[PDB]
Amino acid sequence: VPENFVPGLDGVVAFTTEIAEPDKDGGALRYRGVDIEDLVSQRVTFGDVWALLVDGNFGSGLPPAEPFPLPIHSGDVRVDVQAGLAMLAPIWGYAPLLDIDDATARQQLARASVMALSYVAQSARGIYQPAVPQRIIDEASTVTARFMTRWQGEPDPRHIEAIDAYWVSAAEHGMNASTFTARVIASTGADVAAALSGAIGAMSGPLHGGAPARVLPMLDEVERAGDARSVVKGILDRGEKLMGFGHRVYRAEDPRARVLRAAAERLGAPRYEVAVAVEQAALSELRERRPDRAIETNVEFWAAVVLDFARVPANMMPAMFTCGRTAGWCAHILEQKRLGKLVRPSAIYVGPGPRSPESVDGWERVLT
Amino acid sequence: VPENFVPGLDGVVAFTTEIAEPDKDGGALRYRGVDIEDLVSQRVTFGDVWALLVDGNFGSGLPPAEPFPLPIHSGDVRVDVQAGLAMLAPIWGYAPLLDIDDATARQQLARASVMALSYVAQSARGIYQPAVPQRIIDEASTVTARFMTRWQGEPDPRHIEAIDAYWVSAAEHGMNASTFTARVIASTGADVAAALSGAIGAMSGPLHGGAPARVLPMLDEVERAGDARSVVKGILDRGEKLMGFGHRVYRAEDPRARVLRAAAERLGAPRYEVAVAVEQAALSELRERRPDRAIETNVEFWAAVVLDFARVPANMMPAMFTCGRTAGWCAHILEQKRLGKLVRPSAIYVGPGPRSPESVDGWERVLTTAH
């Protein structure tokens with residue numbers, strides 16, 4: 001037993017990556033050395049950012065999704081895509097990562113990744129309404145535009161811009177619980193379909209983080225009252241928790257939160273005026289009751305505003321975060337494939353010592 | 001900014017566990033301090049050993065499976081159960097692990113674990129054959145007996161004992177890759193359905209280990225030829241590698257392999273004599289060619305013989321190992337829930353430095369909109 005053993009691999013370095021660098025001490029996020037704020041400002045679509053993270057160079061984009069309607073209908077969009085991806089291996093003949101070269105692995109990843117987006121659009125649209133015809137979908141020119149058309153039918157072009165802004169900013173942010181899970185499964189040599197399915201499972205956790213905040217009810221109280229300061233004061237005074245704000249992640253303002261806020265004003269989001277007022281009031285009050293800590297806006301606050309601007313429901317937002325994070329997942333799965341090392345930590349036994357089966361409680365309730 | 005880095009968390013202590021002790025130096029395996037070789041010797045069914053690992057005591061064994069026919073037919077038995085388990089949460093209303101007490105999580109794990117057995121039995125039986133009536137299944141007593149009845153229709157009692165031997169010996173063997181995957185997903189607060197589904201995905205990997213070895217073609221040849229030593233010699237000479245024999249896992253013979261060989265002989269498996277003959281020939285020839293290495297019989301070798309004796313096909317064997325490991329997964333998922341600590345390591349960036357998009361190879365091929 002190591003003294004002062006810290007569980008959870010907290011701070012332990014497991015991997016070395018060339019994919020992306022969250023420079024928290026410098027307040028910037030770079031994909032293969034390219035700042036995400038440059039990518040969004042020059043309007044690089046999510047399809048190409050997927051290539052940059054996975055391949056390392058601008059080039060072979062994310063292929064158009066192929067006609068394959070969703071076979072899973074559970075009412076939970078996370079469950080539908082997680083179970084749907086796992087079933088792609090037998091039908092598409094996905095060999096284990098141990099038996100394929102890097103070129104095949106990438107194409108399998110690109111095929112399954114864009115198929116995951118198609119599932120989420122179908123699940124969001126629901127089964128109580130006919131699907132969008134393929135001829136209509138083919139009129140779209142980008143992967144993000146295809147997702148909006150498959151889901152909404154006649155999407156607003158501004159909403160398509162907002163989804164690209166969100167998906168690029170959420171594509172890859174270092175070692176997560178989900179990204180770690182994807183690499184652990186891939187380290188076992190399993191096919192890419194199972195690795196992506198497991199990553200979605202870890203993504204569904206409340207403690208994983210990065211999921212858009214439940215701030216829409218808060219943005220309605222300010223809409224009714226018309227005074228952001230009083231609503232923020234009330235929640236704190238009444239003993240409730242203020243949502244979308246907390247301790248800083250970067251050294252300062254999160255770059256993703258900055259670009260998402262800039263995306264809201266640039267696209268004329270109706271909630272933008274209220275959202276800024278809530279943000280100013282929430283920070284003035286929170287920094288006043290504890291002026292010694294550093295308190296900055298959570299990226300999840302502006303993620304909720306931008307997704308809501310694109311008609312994304314509250315129960316669909318976690319799927320949207322999963323859709324963008326497929327870029328980081330596939331890149332890390334491919335990098336883990338080249339590493340060729342299995343992840344196998346160790347545990348230290350602190351349980352009971354040797355004992356006969358009869359000495360254990362409840363032995364008389366066992367037969368044979 | 002690295003050091004003499006050893007990637008892969010090799011030997012790094014991540015958790016402390018009270019569940020089971022893989023005593024590799026001592027050459028024994030113990031569930032909650034109870035030797036597996038004592039559990040099998042007294043014929044404790046898989047349901048009670050599931051209770052021992054999760055609970056810590058032999059009370060409140062594994063409940064009977066409820067009628068719920070498999071909705072997933074993909075052609076891969078692993079895929080059917082991995083996708084089927086994940087679909088259980090919306091219909092059964094499983095809340096996330098963060099929002100339930102320990103008593104509920106134990107019940108949800110037991111309900112889903114026995115359902116995973118039901119899926120594997122149904123998927124193995126196949127869609128080209130009417131399902132076994134529930135009243136026929138109800139005539140069984142143990143959980144293992146129900147699994148064989150739901151699959152085979154009229155199972156042989158010896159085959160049922162062969163599975164209780166295998167499932168107990170493969171229920172828990174420490175912090176393997178799949179158990180680690182289950183604990184990581186559970187630490188995020190996700191519901192037990194997703195944690196079990198993720199564990200099966202990591203199980204499917206060829207490098208996870210424990211998947212029963214493909215020794216059946218080799219055991220077929222020795223039966224035809226009758227010269228076990230020659231067949232072993234022939235396989236090595238022409239560049240192939242023998243199946244089920246490699247580097248040692250423990251200091252010496254694996255007790256899991258020992259009890260499986262003992263079970264194969266106790267139940268009169270038709271392949272036992274041919275398997276012992278091959279094992280003796282394999283060890284003799286392998287240790288002569290590499291005297292400086294410790295070669296031991298893999299547990300996968302005798303696992304394949306025992307599963308084959310119980311009429312388990314080759315492509316069903318990886319699913320059978322998944323069925324047994326649900327005991328260890330559920331115990332570790334429950335232990336992780338009480339720990340209440342997210343698992344998140346870190347990484348060191350060694351990639352390219354800051355650069356503009358125009359300086360990236362292939363920028364000329366990115367189409368961008370601009371109003």
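Cβ sites come from the backbone with ideal geometry, for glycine too, and all protein chains shown count toward neighbours. What is reported rests on the model, the rules as stated and the sources as named; nothing here is a laboratory result.
Only one entry of A:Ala124, A:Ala95, A:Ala131 meets the criterion of being under 15 Å from A:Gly153 (Cβ atoms) and more than 25 Å from the chain's Cα centre (by Cα), and that entry is A:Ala131.
Okay, residues lined up against (1) in the same structural domain as A:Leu267 (by CATH); (2) within 30 Å of A:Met115 (Cβ to Cβ); (3) in contact with a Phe, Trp or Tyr (Cβ under 6 Å, 6 or more places away or on another chain); (4) not in a helix (DSSP H, G or I):
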{"site": "A:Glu285", "(1), (2), (3), (4)": "yes, no, no, no"}
{"site": "A:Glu288", "(1), (2), (3), (4)": "yes, no, no, no"}
{"site": "A:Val305", "(1), (2), (3), (4)": "yes, yes, no, no"}
{"site": "A:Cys323", "(1), (2), (3), (4)": "no, yes, no, no"}
{"site": "A:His332", "(1), (2), (3), (4)": "no, yes, no, no"}
{"site": "A:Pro354", "(1), (2), (3), (4)": "no, no, no, yes"}
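Scanning the range B:166-176 finds no residues that are of a type in the set (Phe, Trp, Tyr) and either within 12 Å of chain A (Cβ to nearest Cβ) or in contact with an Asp or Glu (Cβ under 7 Å, 6 or more places away or on another chain) (or both).
What helices (runs of 4 or more DSSP H), lying completely within the range A:73-153, carry at least 2 residues that are among the basic types (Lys, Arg) and in contact (Cβ under 8 Å) with a residue 12 or more places away in the chain?
Working: elements: A:77-86, A:88-92, A:102-125, A:134-137, A:143-152.
Correct list: A:102-125, A:143-152.
So, of the residues in the range B:308-341 that are surrounded by fewer than 18 Cβ atoms within 10 Å (Cβ to Cβ) and over 24 Å from B:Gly205 (Cα atoms), which turns out to be nearest to the other protein chains (Cβ to nearest Cβ)? So the residue we want is B:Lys341.
Of all the numbered requirements in (1) more than 7 Å from every other protein chain (Cβ to nearest Cβ); (2) assigned to a loop (DSSP other than H, G, I, E, B), A:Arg43 misses one, and that requirement is (1). The C-beta contact set for the range B:13-30 (first residue within 19 Å of A:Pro345 (Cβ to Cβ) and facing chain A (nearest Cβ under 7 Å), second residue surrounded by fewer than 22 Cβ atoms within 10 Å (Cβ to Cβ) and of a type in the set (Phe, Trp, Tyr), distance under 9 angstrom, 6+ apart or interchain) comprises B:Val13/A:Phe5; B:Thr16/A:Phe5; B:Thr16/A:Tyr349; B:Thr17/A:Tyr349; B:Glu18/A:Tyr349; B:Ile19/A:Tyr349; B:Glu21/A:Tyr349. Which one of these does B:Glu364 not meet: (1) in the same structural domain as B:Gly189 (by CATH); (2) touching a residue at least 12 places away in the same chain (Cβ under 8 Å); (3) over 30 Å from A:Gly210 (Cβ atoms)? Condition (2) is where B:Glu364 drops out.
Considering only the range B:273-280, I want to know if a residue exists there that is under 27 Å from B:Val81 (Cβ atoms), among the small types (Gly, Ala, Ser) and surrounded by 17 or more Cβ atoms within 10 Å (Cβ to Cβ). No, the range B:273-280 contains no residue that is under 27 Å from B:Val81 (Cβ atoms), among the small types (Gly, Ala, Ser) and surrounded by 17 or more Cβ atoms within 10 Å (Cβ to Cβ).
Residues in the range A:44-86 that are surrounded by fewer than 16 Cβ atoms within 10 Å (Cβ to Cβ) and touching an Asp or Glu at 6+ places or on another chain (Cβ under 6 Å): A:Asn57 alone.
Quick one: which residue in A:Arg271, A:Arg355, A:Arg344, A:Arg266 is under 28 Å from B:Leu9 (Cβ atoms) and over 20 Å from the mean Cα position of the chain (by Cα)?
Details: A:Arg271 fails: under 28 Å from B:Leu9 (Cβ atoms); A:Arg355 fails: under 28 Å from B:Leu9 (Cβ atoms); A:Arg266 fails: under 28 Å from B:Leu9 (Cβ atoms).
Checking each option against the conditions leaves just A:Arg344.
On the basis of being in contact (Cβ under 8 Å) with a residue 12 or more places away in the chain and not basic (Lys, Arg), does B:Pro313 make the cut? Here the answer is yes, as B:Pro313 does meet what is asked.
Condition check for B:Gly239 on (1) over 30 Å from A:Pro7 (Cβ atoms); (2) surrounded by 24 or more Cβ atoms within 10 Å (Cβ to Cβ); (3) among the small types (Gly, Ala, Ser): one failure, at (2). Residues in the range A:342-368 that are farther than 27 Å from B:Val143 by Cα and loosely packed, with under 13 Cβ neighbours inside 10 Å: A:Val350, A:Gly353. On the stretch given as the range A:1-22, residues that are crowded, with 16+ Cβ neighbours inside 10 Å and not in a loop (DSSP other than H, G, I, E, B) total 7. A:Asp292 satisfies every condition listed in (1) in a loop (DSSP other than H, G, I, E, B); (2) within 14 Å of chain B (Cβ to nearest Cβ) except (2). For the residues B:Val215, B:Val249, B:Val259, B:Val231, the requirement of being β-branched (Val, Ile, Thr), closer than 21 Å to A:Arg344 by Cβ and touching a helix residue (DSSP H, G or I) at 6+ places or on another chain (Cβ under 8 Å) singles out B:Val249.
Of all residues in the range B:222-260, those that are over 27 Å from A:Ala95 (Cβ atoms), part of a helix (DSSP H, G or I) and free of Cβ contacts under 8 Å to residues at least 40 places away in the same chain total 5.
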